[PDB]
Structures are given as structure tokens and as C-alpha cells.
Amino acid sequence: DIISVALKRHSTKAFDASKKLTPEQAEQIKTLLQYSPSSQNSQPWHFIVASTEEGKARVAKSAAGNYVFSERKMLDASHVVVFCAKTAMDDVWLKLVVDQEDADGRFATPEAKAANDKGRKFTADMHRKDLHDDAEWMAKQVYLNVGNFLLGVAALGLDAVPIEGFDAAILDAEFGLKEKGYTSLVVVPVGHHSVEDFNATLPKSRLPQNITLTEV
């Protein structure tokens, strides 16, 4: 049951390098990334999934120097996911999304398709022209994906840790993301915790609902 999952999941502080995702699990984590919801189904994201030693080493370059504590997590986990946001919402992407919805049979008529496209452009233009927050808006959808992913992987019986503790400039440069139109936001190592994971045995802590939650 999902509440048990939410109450028992934790941020893993150390991974067992010998314990790999099964082939099926490796496919399932990709499914989770793909099928996250997003505003206007804008899907303003790219994922780097590192599963080779070479690949994980490249991601771990972002943790060198000041973020060194993050390196072992990135190197010892089975699979490491880099969540990236688009840096601009371009017309090519908008067309890609609506054309895909059309290919998947979501529109009964050309008018319905046109209306969907118009609505998505309205929202996108509002963020870029009026709110001046389009980069932030897209990054928010990526964080939503991350939240979906963390619960999803826990429910698959996998350990994980979300990481903001890395140098995004280094990671962006390593994978040439800027030129491709993306920027790295969160790194999520996924695998199985080791006996050295001190956080596996500690009680969860959250503020009480009397502070955070109002019922009306």
C-alpha cells in the first residue's frame, strides 16, 4: 500500500555497488520518467540515465571539490538519473507535443487539435512574455517529475536519494547540455542501500500538520 511506501522510504546515504537493478526494473524507471504529468503536457525535460561505470564517473565529475560527499552516492548506485529542464520553450517543441498527442489519438477533429495548440501557446507565452519566469516554470515541471519518480522507485522496492548537492555548470559542460538547450537540476542515484547507510535506520521527521495544514 502506498502510505506504507511513503512512511518507509528514505534518502539513501550509501549504496551497495554489487546490487544492480534487474533488466525489468531498468525499464520501469524509464517508464516512470516518461509518464510523469506536466503543465499542458509540455514535458519540458531531458533525462540522462547512467548505468555504466564510465557513465556514472562522468556524472560524478559534478560532485568533485565542494560536493565531494555526493560522489560515492553517484558512483555506487546501480543507475543514476540526471533530471534536466529545457532552457527555453521553443515552437519546435510545442509542435512536437501537439503532434504526438494527435498521433496518439487524443483529438477528434483538426479544430480540437488547433484549440489544444492555442491553449498551450497561450500558457507558454504568458510565462515567457508577461511573468518572465519560463525557465522557472519548466524547472518546476521537472521537480514534479522528480517527486513522482522518488515515490515510484520506492514502490518498486528500490532505494534512491535526490541530490541538489552537485555543480550544475560542471554537469552541463560534461554533457554539453547548454548547446542542446537543457540544464541539469537534480541527480537521483537509484539502487540498494548498504550497511553504511546510516539514514536507513533513523526515524523519519516531518513538521506536524497543525503547523503546515489548514482544513476548511
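Residue numbers here begin at 1 and follow the sequence given.
Quiz item: Once you work out the mean C-alpha B-factor for both 80 to 88 and 67 to 75 from the entry, which is higher?
Solution: Going by the record's values, the stretch with the higher mean is 67 to 75.
Quiz prompt | Between 11 to 19 and 192 to 200 (mean CA B-factor, as deposited), the higher | solution = Taking the mean C-alpha B-factor of 11 to 19 and of 192 to 200, the larger value falls to 192 to 200.
Exercise. Tell me which of 140, 118, 106, 128 tops the list for C-alpha B factor in the record.
Key: Spelled out: the listed residue with the top C-alpha B-factor is 128.
Practice problem: Kindly indicate the residue among 148, 40, 34, 52 with the greatest C-alpha B-factor in the PDB record. | Solution: That would be 52, according to the entry.
Quiz item: By the record's CA B-factor, is residue 114 among the lowest, middle or highest third of residues in the chain?
Solution: Tercile = middle for this residue's CA B-factor.
Quiz item: Looking at the C-alpha B-factor of residue 44, is it in the lowest, middle or highest third of its chain?
Solution: It falls in the bottom third of the chain.
Exercise. Just say lowest, middle or highest third for the CA B-factor of residue 28 relative to the other modelled residues in its chain.
Key: CA B-factor rank for residue 28: lowest third.
Quiz item: In terms of the chain's CA B-factor thirds, is residue 169 lowest, middle or highest?
Solution: Within its chain, residue 169 is a highest-third residue by C-alpha B-factor, going by the deposited values.
Practice problem: Sorting the chain's modelled residues by C-alpha B-factor, tell me whether residue 58 ends up in the lowest, middle or highest third. | Solution: Within its chain, residue 58 is a lowest-third residue by C-alpha B-factor, going by the deposited values.
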